[PDB]
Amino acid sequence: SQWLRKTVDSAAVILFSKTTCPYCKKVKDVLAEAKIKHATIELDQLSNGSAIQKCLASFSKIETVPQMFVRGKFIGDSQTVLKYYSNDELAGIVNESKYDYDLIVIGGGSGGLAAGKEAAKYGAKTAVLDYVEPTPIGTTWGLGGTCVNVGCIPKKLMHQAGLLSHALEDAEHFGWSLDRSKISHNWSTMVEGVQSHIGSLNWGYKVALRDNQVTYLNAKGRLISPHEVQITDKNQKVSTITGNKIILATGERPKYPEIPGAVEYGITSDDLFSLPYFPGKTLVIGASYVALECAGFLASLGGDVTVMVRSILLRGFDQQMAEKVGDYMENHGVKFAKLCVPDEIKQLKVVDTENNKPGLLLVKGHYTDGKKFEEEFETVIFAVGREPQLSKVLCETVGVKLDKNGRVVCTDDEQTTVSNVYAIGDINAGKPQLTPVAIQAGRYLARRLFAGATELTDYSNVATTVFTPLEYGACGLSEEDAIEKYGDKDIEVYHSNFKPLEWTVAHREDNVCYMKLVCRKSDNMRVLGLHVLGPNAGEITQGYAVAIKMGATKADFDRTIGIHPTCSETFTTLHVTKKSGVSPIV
């Protein structure tokens, strides 16, 4: 209907077909031999396919299959396409465009690369732009975005190296003869192994874009007008490229507190993952998941770590679970400067560039009680949130609407206030800032634009995992948010402590690993939120997110048989409610 109007207008190269028709197969192999990529809509596979056939005549004047369209215009039936192919005209017909590209993606990260690769699959001439603006100290990286270079990938690899520290401790209890005195961790050796894998990913994306015929440009993009993108390369050469559809996926960069010596002497997560020297005695300022994750693995790798907290841990997360995360960290070598804020950072030593050793800094601050903070640290890491930098990316005259935070205000299909311009990932306002979210949004948007899809990205009940020393996985609402939304009387919380079987012989803690189901009483005990603290929390939580998406109830958890022995099986036998007052201990 109107779907067909939007499909024809937006698709670069699309073929309307039936799977049974011989003429349709004839065109398919001709396009395959000529190496012309395209989208295919099989009308016999659709419920309203007969109605679409009738509506094609509003664009083509014919109601039969096959029907080939290029960039809003009807190209021809079976004989017409074969006419172009025999006369060697077909290549010029399919390349005919108003702009240099069908899609220009500004930002070669999680969402950007996912949108770029998916679009090229349906014959959209795609160009991806990626530029890494160096950190204050001069740290830069390759193609892949935050997650690949300075995010999930190097974070969880260092989290794993920190997990091995306690695997070495457990091994002795499990019978392994080990001299843990004379066992130390080499930071630089780990970094080299981490950066070697990131390098293969940087190279992996370059090859993938080359294989998908996507034009990769290592350049700073700037959308001067709806269709024009200004590019500045490595040589500072300035030029303009044009594109029909524009996808903004520039992401975010870490924030610095406005205090003397922060930019000059302190570092962020951007610098940490490729740091040529061991941080040593480290102060982490912030209470985000980035702050606790970074401070977590540094302490496990034998580092003297202190976390400066202004007010609370993990703002936005479940505060009962956030406390349990912090309690485990505090009991396992992580110090906390509670109710404290920094005032200034002053240098005592410059970073040893040749010996690869950290400098020395003295951090002056103050507690809420009036007491002064004055302690020396070899490395100061700032993790006080991240911000979009779209003032560098958009000229205000284009008309792309931003919120008070500087993030793009988008519709449910990622459309900006400029119709051809779209925004995905971290810069999309009000959306869960995660890697899979950006990739899902990028792929799905690319399918709607060029393949005539209707499927939108579901941003509700997106499961997360904080990779702290003891991992915390969550899917849905926090207990406090569910109570605020529906009232305390409409909320039932089933909970229980558990101990991994691995922890028993290892002589690790009882009643520390914890899980809960936040349920709505009036809605057949609907699971509103799932929360789990324990090892492999990401692997545990994932499967339940599919069930919660389908509208899982407590009864659905009860009728499902557990797998023994696992940590995740405790979700199936939950019985203790919070309202009963019965202790959740094992």
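If you superpose the two forms and keep the largest set of C-alpha atoms that fall within 1.5 Å, you have the rigid core. Note that residue numbering begins at 1 and tracks the sequence as displayed.
- Across the superposed structures in 9 other deposited structures of this protein, aligned by the core, the stretch whose Cα atoms lie more distant on average is 388 to 396, chosen from 326 to 334 and 388 to 396.
- Stretch 60 to 68 is the one, of 60 to 68 and 535 to 543, whose CA positions lie farther from the shown form in 9 other deposited structures of this protein once all structures are superposed by the rigid core.
- When the two stretches 277 to 285 and 215 to 223 are set side by side, the higher mean Cα temperature factor goes to 215 to 223.
- Set 91 to 99 against 507 to 515 and average the Cα temperature factors; 91 to 99 ends up higher.
- The PDB entry assigns its highest CA temperature factor, among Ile561, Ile548, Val27, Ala537, to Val27.
- Out of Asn497, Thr468, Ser177, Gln433, the entry records its largest CA B-factor for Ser177.
- Sort the chain's modelled residues by C-alpha temperature factor and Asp556 lands in the lowest third, per the entry.
- Residue-level temperature factors show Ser522 in the middle third of its chain, judged at the C-alpha atom.
- Among all modelled residues in its chain, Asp270 ranks in the lowest third by Cα B-factor.
- When all modelled residues of the chain are sorted by CA temperature factor, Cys410 is found within the middle third.
- Among the modelled residues of the chain, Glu293 sits in the lowest third by CA temperature factor in this PDB entry.
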